[PDB]
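A single chain comes next, written as structure tokens; it is the form deposited in one PDB entry.
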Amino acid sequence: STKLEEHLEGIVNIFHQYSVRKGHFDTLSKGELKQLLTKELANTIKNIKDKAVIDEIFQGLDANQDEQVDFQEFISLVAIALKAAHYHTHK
């Protein structure tokens, strides 16, 4: 299995831990996507120069805390953050 694959695995795993710990097997509520992100991308978030971006995401995650979401949704939000940070993941 490839280098790229292994990291993808890593992220699936973490995502998967959250969903299971909070109820469902491969979806996780919005509410607890907000805590995921804020804990796990915290470095990255700090790095974002335009906070209006996560403010949104979040002012959106809070807005409907119970809707389950799947990894694809997850990863997508992870990436949007990622862009806003200019792909700096670092304290």
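Here, rigid core means the biggest group of C-alpha atoms that superpose within 1.5 Å across both forms. Heads up: residue numbers just count along the shown sequence, starting at 1.
Beyond the structure shown, there is the form deposited in another entry, which is absent from this document and is the topic of what follows.
Enquirer: Align on the rigid core first; then say whether the Cα of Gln65 has moved by at least 2 Å between this form and the one not shown.
Expert: Shift at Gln65: 2 Å or more after core fit.
Enquirer: When the rigid core is used for the superposition, does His86 move between this form and the one not shown (threshold: C-alpha shift of 2 Å or more)?
Expert: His86: C-alpha displaced by 2 Å or more between this form and the one not shown.
Enquirer: Looking in that other deposited form, decide if the C-alpha atoms of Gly10 and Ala84 are closer or farther than in the form shown; they differ by 3 Å or more.
Expert: It is closer: in that other deposited form, the C-alpha atoms of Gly10 and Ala84 lie at least 3 Å nearer than they do here.
Enquirer: Taking the shown form as reference, are the C-alpha positions of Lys46 and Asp66 brought closer or pushed farther apart in that other deposited form, with a change of 3 Å or more?
Expert: Compared with the form shown here, the C-alpha atoms of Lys46 and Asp66 sit farther apart in that other deposited form, by 3 Å or more.
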